[PDB]
Amino acid sequence: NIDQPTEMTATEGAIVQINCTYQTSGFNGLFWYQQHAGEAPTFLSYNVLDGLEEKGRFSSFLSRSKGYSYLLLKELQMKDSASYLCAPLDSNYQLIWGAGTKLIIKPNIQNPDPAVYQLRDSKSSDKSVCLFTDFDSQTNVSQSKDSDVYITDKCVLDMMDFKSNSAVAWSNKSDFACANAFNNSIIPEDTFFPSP
Amino acid sequence: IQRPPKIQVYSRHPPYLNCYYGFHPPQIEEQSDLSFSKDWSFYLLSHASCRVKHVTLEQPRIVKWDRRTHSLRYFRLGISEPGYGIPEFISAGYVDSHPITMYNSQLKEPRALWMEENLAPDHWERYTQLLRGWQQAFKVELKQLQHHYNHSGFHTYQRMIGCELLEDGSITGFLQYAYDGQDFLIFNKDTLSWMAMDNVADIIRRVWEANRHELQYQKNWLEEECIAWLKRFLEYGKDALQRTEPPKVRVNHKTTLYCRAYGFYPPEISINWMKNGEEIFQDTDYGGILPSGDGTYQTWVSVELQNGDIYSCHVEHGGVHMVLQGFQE
Amino acid sequence: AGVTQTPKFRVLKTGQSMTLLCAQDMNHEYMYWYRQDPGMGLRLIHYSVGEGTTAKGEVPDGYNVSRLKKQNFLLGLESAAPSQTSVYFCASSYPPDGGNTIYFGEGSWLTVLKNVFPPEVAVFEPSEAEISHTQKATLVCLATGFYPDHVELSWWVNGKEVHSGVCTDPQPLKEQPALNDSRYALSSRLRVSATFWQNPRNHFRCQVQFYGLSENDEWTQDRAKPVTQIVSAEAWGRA
């Protein structure tokens, strides 16, 4: 058996630590792997003796007696957002894979200016959309209680940039408006919503 | 290098005949499986005079018959292409110099009764696979060596990995490689470094020290993993390994006085000839420790020869000091 | 060099026999095939120690495996099942006598033909309020109603693909999460300076690469055969 957190979340530039606890027959090593969304897993670190292993911003620690291992990620960047898979090498040389810890890196916004806007177009489509943008990491936006109204946050930026958090809401319904679209979302002060 | 074979002929118990070491290369003419010792030499036991043909012998040599620390070792024997009639790859495991595992027909096979009965069939299926990856990896290291020494043809590549548990509980472990029977690379797990006595071996040393994650892994296996395997098997072979069987001493004359000791376990033993009543250091033969074939062992000590002197044979097994009086005027 | 795994997408009707390639320039002994599922770690279907010899891994009912050369490792399922929907990974490495890292193949998406549909793509022009406020403009693309999930969305400005300013969802959601036959949706956001947008000479385009049926796939349906196609939407700058 092997256990590691399902999901973690941190802000860009911060430092995170992903724990891994394993029980196997013997111990022939422990591997840390990075697997981006919709991609192949790649090697990160490998540990056998008790101690630490540093490579660049990344560092890996292991305690054989406790069956514990953590992965220390310093100076988090946007490209660091992926799953981090822990797997030890057993006694026989079979390798036991645990479901990784999904890390989501929130961008660092120095001058936040949250607001909801009403978009034009499509004319190639019959649905209308709303844009919530420029909100800090302290802002939470969840799913809508409406079935006919779809909302998607957690958009992953590409690999300078114009990078800022954003969330899109859309629907077919006539009762849909940019005022009631993002209702019941956690909201700070000074954030703009249109009335009509 | 090449090592001329040492030969000895003797019977299982006093009246099966045994032809029984220390030779290299493995080319030699019931017969036991090929075995390996700590000095890279090989040894065989053929049981029913005796003729032995070897590369270090022009004319075949003829001999006639005329009358507690525990360890776990793993050996690999590689043979440069082609086969030369011998299997190219052979891997064999030993605990307390007792044969247990035997790979060459690519199968993971036990050599003991308590090995197979204590292990599920899934265990052998998993390691018979590992061995195939290990066989191929050994062949590639062999080719690489021959290209480094700049010569081709018949050459032997040997690997020995093992650990041992002292009576007091202290442990050690070791990893060594040998080319053509000579020490090639020696691994020190304390400093995580490889030792090379050759200019050619020094090449692989710089490649093998270039990989830290392999070096760190080898330390773990010897120190932690190996010992766990050791203690697992000991509990398995608690019957045969922890027993103690007393020797039966026979004395004979032909001048020369012979002293034989039959069927004793463990192999740890001490025999010396005595004269009034001191140990004689001159004109003495060691005889070494020989396998009986029962799983027991036998050895012998001889002495070539004033009046009224007492010659007697001292044997310490369980210690338990035994003495037999052979001769006097 | 590297490990190469083909194909990367496939759509199958149940009962079809299909094979998956995997090839190493890397000259290793060992070859693995994996099956990754949501919420679960990798599970080994079959492994090959050396050329010609293979062995059953953790979970291999559907799959039969052969080793041609040292370089090639084939996967196969002769009879396809809906339960065989997953993201396969091929993988080749030195033996585990360690620590010997394992190298992974770029992956193969599989699912598992009337429910197969291409995406509907549409773009939505920036808000006038956003431009006069933050001095920035944000375009929004929506790819909706596509099944199965195989999509690659990228933004195109004046014929050249852009990256900076693009925020796209990690994976698509479902339009009817209650229903199991539901199709998927995907959103994307492209942001650019206020001036850059207000210029009508600029052409913005949303591109969704879809992976559907192949050429030889039987299509008796009255509707358009849902093959591999690039569905797009465009938008012109507005002053």
# chains A, B, ... in the order shown; residues from 1 in each chain; ligands from 1
$ residues_around --residues "segment 75-78 of chain A" --least-positions-apart "2" --cutoff "7 Å" --atoms "only C-alpha atoms" --output "VMD selection string"
chain A and resid 12 to 15 57 73 80 to 81 105 107
$ write_last_selection --atoms "N, CA, C and O atoms" --output "mmCIF file, in the first residue's frame"
data_model
loop_
_atom_site.group_PDB
_atom_site.id
_atom_site.type_symbol
_atom_site.label_atom_id
_atom_site.label_comp_id
_atom_site.auth_asym_id
_atom_site.auth_seq_id
_atom_site.Cartn_x
_atom_site.Cartn_y
_atom_site.Cartn_z
ATOM 1 N N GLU A 12 2.025 31.037 -6.861
ATOM 2 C CA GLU A 12 3.274 31.123 -7.609
ATOM 3 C C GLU A 12 4.362 31.856 -6.832
ATOM 4 O O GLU A 12 4.144 32.956 -6.331
ATOM 5 N N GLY A 13 5.535 31.239 -6.737
ATOM 6 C CA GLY A 13 6.641 31.820 -6.001
ATOM 7 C C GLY A 13 6.794 31.248 -4.601
ATOM 8 O O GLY A 13 7.807 31.478 -3.940
ATOM 9 N N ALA A 14 5.793 30.498 -4.148
ATOM 10 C CA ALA A 14 5.816 29.912 -2.807
ATOM 11 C C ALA A 14 6.602 28.605 -2.756
ATOM 12 O O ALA A 14 7.249 28.215 -3.725
ATOM 13 N N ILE A 15 6.537 27.936 -1.611
ATOM 14 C CA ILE A 15 7.257 26.687 -1.404
ATOM 15 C C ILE A 15 6.295 25.628 -0.884
ATOM 16 O O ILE A 15 5.602 25.845 0.108
ATOM 17 N N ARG A 57 15.879 23.725 -7.809
ATOM 18 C CA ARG A 57 14.840 24.205 -6.911
ATOM 19 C C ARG A 57 14.151 23.052 -6.198
ATOM 20 O O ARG A 57 13.426 23.257 -5.224
ATOM 21 N N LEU A 73 9.355 21.477 -3.107
ATOM 22 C CA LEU A 73 9.407 22.323 -4.290
ATOM 23 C C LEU A 73 9.498 23.787 -3.882
ATOM 24 O O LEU A 73 8.569 24.335 -3.294
ATOM 25 N N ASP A 80 5.121 24.375 -12.880
ATOM 26 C CA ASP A 80 5.227 23.353 -11.848
ATOM 27 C C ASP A 80 3.888 22.673 -11.559
ATOM 28 O O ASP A 80 3.831 21.678 -10.841
ATOM 29 N N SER A 81 2.814 23.207 -12.122
ATOM 30 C CA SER A 81 1.497 22.642 -11.870
ATOM 31 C C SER A 81 1.282 21.320 -12.617
ATOM 32 O O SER A 81 1.059 21.300 -13.829
ATOM 33 N N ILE A 105 -0.934 25.455 -9.338
ATOM 34 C CA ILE A 105 -0.221 26.693 -9.031
ATOM 35 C C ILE A 105 -1.050 27.925 -9.375
ATOM 36 O O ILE A 105 -1.332 28.179 -10.547
ATOM 37 N N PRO A 107 -1.531 31.884 -9.911
ATOM 38 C CA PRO A 107 -0.632 32.963 -10.321
ATOM 39 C C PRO A 107 -0.566 34.033 -9.247
ATOM 40 O O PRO A 107 -1.510 34.193 -8.468
#
$ interface_residues --of "chain B" --to "chain A" --cutoff "7 Å" --atoms "only C-alpha atoms" --output "PyMOL selection string"
chain B and resi 216-217+220+225
$ closest_residue --among "B:300, B:149, B:174, B:127" --to "chain C" --atoms "only C-alpha atoms"
B:127
$ interface_residues --of "chain B" --to "chain C" --cutoff "12 Å" --atoms "only C-alpha atoms" --output "PyMOL selection string"
chain B and resi 106+122+125-140+211-221
$ write_last_selection --atoms "C-alpha atoms" --output "mmCIF file, in the first residue's frame"
data_model
loop_
_atom_site.group_PDB
_atom_site.id
_atom_site.type_symbol
_atom_site.label_atom_id
_atom_site.label_comp_id
_atom_site.auth_asym_id
_atom_site.auth_seq_id
_atom_site.Cartn_x
_atom_site.Cartn_y
_atom_site.Cartn_z
ATOM 1 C CA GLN B 106 16.490 -20.252 -18.460
ATOM 2 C CA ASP B 122 5.209 -16.958 -7.847
ATOM 3 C CA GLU B 125 8.476 -16.909 -11.733
ATOM 4 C CA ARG B 126 9.392 -13.352 -10.808
ATOM 5 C CA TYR B 127 13.122 -13.949 -10.401
ATOM 6 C CA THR B 128 13.474 -16.181 -13.456
ATOM 7 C CA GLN B 129 12.460 -13.010 -15.248
ATOM 8 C CA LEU B 130 14.985 -10.774 -13.472
ATOM 9 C CA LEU B 131 17.737 -13.274 -14.316
ATOM 10 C CA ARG B 132 17.004 -13.011 -18.037
ATOM 11 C CA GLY B 133 17.526 -9.262 -17.862
ATOM 12 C CA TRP B 134 20.642 -9.937 -15.822
ATOM 13 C CA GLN B 135 21.957 -12.505 -18.275
ATOM 14 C CA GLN B 136 21.731 -10.100 -21.206
ATOM 15 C CA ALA B 137 23.203 -7.209 -19.214
ATOM 16 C CA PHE B 138 26.146 -9.438 -18.328
ATOM 17 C CA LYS B 139 26.842 -10.300 -21.969
ATOM 18 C CA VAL B 140 27.011 -6.601 -22.865
ATOM 19 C CA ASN B 211 26.442 7.182 -11.314
ATOM 20 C CA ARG B 212 25.693 8.115 -7.706
ATOM 21 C CA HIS B 213 22.202 6.607 -7.581
ATOM 22 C CA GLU B 214 23.626 3.166 -8.381
ATOM 23 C CA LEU B 215 26.336 3.504 -5.710
ATOM 24 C CA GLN B 216 23.803 4.621 -3.084
ATOM 25 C CA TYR B 217 21.537 1.737 -4.043
ATOM 26 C CA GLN B 218 24.278 -0.893 -3.689
ATOM 27 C CA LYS B 219 24.931 0.264 -0.125
ATOM 28 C CA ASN B 220 21.286 -0.173 0.836
ATOM 29 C CA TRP B 221 20.955 -3.669 -0.633
#
$ interface_residues --of "chain C" --to "chain A" --cutoff "8 Å" --atoms "only C-alpha atoms" --output "PyMOL selection string"
chain C and resi 39-43+89+96-99+101-107+122-127+129-130+163-171+175+187-188+191-192
$ residues_around --residues "residue 66 of chain C" --least-positions-apart "4" --cutoff "8 Å" --atoms "only C-alpha atoms" --output "MDAnalysis selection string"
chainID C and resid 52 54 73:75
$ select_by_dssp --residues "segment 110-235 of chain B" --states "helix (DSSP H, G or I)" --output "PyMOL selection string"
chain B and resi 113-116+121-148+201-208+212-235
$ write_last_selection --atoms "C-alpha atoms" --output "PDB file, in the first residue's frame"
ATOM      1  CA  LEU B 113      14.477 -28.835  -0.042  1.00  0.00           C
ATOM      2  CA  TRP B 114      13.671 -26.060   2.429  1.00  0.00           C
ATOM      3  CA  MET B 115      14.033 -23.502  -0.353  1.00  0.00           C
ATOM      4  CA  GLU B 116      11.234 -24.772  -2.564  1.00  0.00           C
ATOM      5  CA  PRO B 121       5.752 -20.673  -7.176  1.00  0.00           C
ATOM      6  CA  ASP B 122       5.209 -16.958  -7.847  1.00  0.00           C
ATOM      7  CA  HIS B 123       8.599 -16.242  -6.291  1.00  0.00           C
ATOM      8  CA  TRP B 124      10.510 -18.300  -8.834  1.00  0.00           C
ATOM      9  CA  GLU B 125       8.476 -16.909 -11.733  1.00  0.00           C
ATOM     10  CA  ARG B 126       9.392 -13.352 -10.808  1.00  0.00           C
ATOM     11  CA  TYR B 127      13.122 -13.949 -10.401  1.00  0.00           C
ATOM     12  CA  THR B 128      13.474 -16.181 -13.456  1.00  0.00           C
ATOM     13  CA  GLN B 129      12.460 -13.010 -15.248  1.00  0.00           C
ATOM     14  CA  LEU B 130      14.985 -10.774 -13.472  1.00  0.00           C
ATOM     15  CA  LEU B 131      17.737 -13.274 -14.316  1.00  0.00           C
ATOM     16  CA  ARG B 132      17.004 -13.011 -18.037  1.00  0.00           C
ATOM     17  CA  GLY B 133      17.526  -9.262 -17.862  1.00  0.00           C
ATOM     18  CA  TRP B 134      20.642  -9.937 -15.822  1.00  0.00           C
ATOM     19  CA  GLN B 135      21.957 -12.505 -18.275  1.00  0.00           C
ATOM     20  CA  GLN B 136      21.731 -10.100 -21.206  1.00  0.00           C
ATOM     21  CA  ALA B 137      23.203  -7.209 -19.214  1.00  0.00           C
ATOM     22  CA  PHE B 138      26.146  -9.438 -18.328  1.00  0.00           C
ATOM     23  CA  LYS B 139      26.842 -10.300 -21.969  1.00  0.00           C
ATOM     24  CA  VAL B 140      27.011  -6.601 -22.865  1.00  0.00           C
ATOM     25  CA  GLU B 141      29.451  -5.861 -20.044  1.00  0.00           C
ATOM     26  CA  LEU B 142      31.543  -8.750 -21.340  1.00  0.00           C
ATOM     27  CA  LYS B 143      31.759  -7.430 -24.900  1.00  0.00           C
ATOM     28  CA  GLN B 144      32.570  -3.972 -23.545  1.00  0.00           C
ATOM     29  CA  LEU B 145      35.487  -5.397 -21.561  1.00  0.00           C
ATOM     30  CA  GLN B 146      37.007  -7.345 -24.445  1.00  0.00           C
ATOM     31  CA  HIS B 147      36.949  -4.132 -26.495  1.00  0.00           C
ATOM     32  CA  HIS B 148      38.698  -2.340 -23.629  1.00  0.00           C
ATOM     33  CA  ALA B 201      39.478  -1.518 -14.940  1.00  0.00           C
ATOM     34  CA  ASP B 202      39.997   2.142 -14.033  1.00  0.00           C
ATOM     35  CA  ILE B 203      37.862   3.075 -17.046  1.00  0.00           C
ATOM     36  CA  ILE B 204      34.780   1.297 -15.726  1.00  0.00           C
ATOM     37  CA  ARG B 205      35.548   2.699 -12.277  1.00  0.00           C
ATOM     38  CA  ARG B 206      35.155   6.227 -13.646  1.00  0.00           C
ATOM     39  CA  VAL B 207      31.889   5.244 -15.336  1.00  0.00           C
ATOM     40  CA  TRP B 208      30.541   3.447 -12.269  1.00  0.00           C
ATOM     41  CA  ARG B 212      25.693   8.115  -7.706  1.00  0.00           C
ATOM     42  CA  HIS B 213      22.202   6.607  -7.581  1.00  0.00           C
ATOM     43  CA  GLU B 214      23.626   3.166  -8.381  1.00  0.00           C
ATOM     44  CA  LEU B 215      26.336   3.504  -5.710  1.00  0.00           C
ATOM     45  CA  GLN B 216      23.803   4.621  -3.084  1.00  0.00           C
ATOM     46  CA  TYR B 217      21.537   1.737  -4.043  1.00  0.00           C
ATOM     47  CA  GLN B 218      24.278  -0.893  -3.689  1.00  0.00           C
ATOM     48  CA  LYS B 219      24.931   0.264  -0.125  1.00  0.00           C
ATOM     49  CA  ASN B 220      21.286  -0.173   0.836  1.00  0.00           C
ATOM     50  CA  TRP B 221      20.955  -3.669  -0.633  1.00  0.00           C
ATOM     51  CA  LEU B 222      24.016  -5.087   1.087  1.00  0.00           C
ATOM     52  CA  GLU B 223      23.324  -3.452   4.460  1.00  0.00           C
ATOM     53  CA  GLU B 224      19.550  -3.728   4.623  1.00  0.00           C
ATOM     54  CA  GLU B 225      18.041  -5.913   1.893  1.00  0.00           C
ATOM     55  CA  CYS B 226      20.634  -8.735   1.838  1.00  0.00           C
ATOM     56  CA  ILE B 227      20.532  -9.340   5.595  1.00  0.00           C
ATOM     57  CA  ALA B 228      16.737  -9.583   5.559  1.00  0.00           C
ATOM     58  CA  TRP B 229      16.994 -12.257   2.888  1.00  0.00           C
ATOM     59  CA  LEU B 230      19.693 -13.966   4.945  1.00  0.00           C
ATOM     60  CA  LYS B 231      17.572 -14.209   8.106  1.00  0.00           C
ATOM     61  CA  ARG B 232      14.518 -15.270   6.098  1.00  0.00           C
ATOM     62  CA  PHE B 233      16.378 -18.297   4.718  1.00  0.00           C
ATOM     63  CA  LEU B 234      18.015 -19.172   8.029  1.00  0.00           C
ATOM     64  CA  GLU B 235      14.612 -19.535   9.657  1.00  0.00           C
TER      65      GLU B 235
END
$ select_by_dssp --residues "segment 14-53 of chain C" --states "strand (DSSP E or B)" --output "ChimeraX atom specification"
/C:18-24,30-36,43-50,53
$ residues_around --residues "residue 209 of chain C" --least-positions-apart "5" --cutoff "6 Å" --atoms "only C-alpha atoms" --output "ChimeraX atom specification"
/C:151-152,230
$ write_last_selection --atoms "N, CA, C and O atoms" --output "PDB file, in the first residue's frame"
ATOM      1  N   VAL C 151      -9.100  16.510 -27.802  1.00  0.00           N
ATOM      2  CA  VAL C 151      -9.081  17.884 -28.293  1.00  0.00           C
ATOM      3  C   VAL C 151      -7.783  18.643 -28.025  1.00  0.00           C
ATOM      4  O   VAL C 151      -7.166  18.504 -26.969  1.00  0.00           O
ATOM      5  N   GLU C 152      -7.380  19.454 -28.994  1.00  0.00           N
ATOM      6  CA  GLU C 152      -6.213  20.306 -28.846  1.00  0.00           C
ATOM      7  C   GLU C 152      -6.530  21.708 -29.342  1.00  0.00           C
ATOM      8  O   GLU C 152      -6.635  21.942 -30.545  1.00  0.00           O
ATOM      9  N   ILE C 230     -10.201  19.849 -38.030  1.00  0.00           N
ATOM     10  CA  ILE C 230      -9.898  21.058 -37.284  1.00  0.00           C
ATOM     11  C   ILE C 230     -11.064  22.033 -37.386  1.00  0.00           C
ATOM     12  O   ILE C 230     -11.285  22.643 -38.436  1.00  0.00           O
TER      13      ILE C 230
END
$ closest_residue --among "C:146, C:197, C:219, C:211" --to "residue 181 of chain C" --atoms "only C-alpha atoms"
C:146
$ residues_around --residues "residue 193 of chain B" --least-positions-apart "4" --cutoff "8 Å" --atoms "only C-alpha atoms" --output "PyMOL selection string"
chain B and resi 187-189+209+215
$ residues_around --residues "residue 229 of chain C" --least-positions-apart "2" --cutoff "10 Å" --atoms "only C-alpha atoms" --output "MDAnalysis selection string"
chainID C and resid 118:119 208:213 226:227 231:232
$ atom_distance --atom1 "atom CA of residue 3 of chain A" --atom2 "atom CA of residue 72 of chain A"
16.9 Å
$ atom_distance --atom1 "atom CA of residue 273 of chain B" --atom2 "atom CA of residue 290 of chain B"
18.7 Å
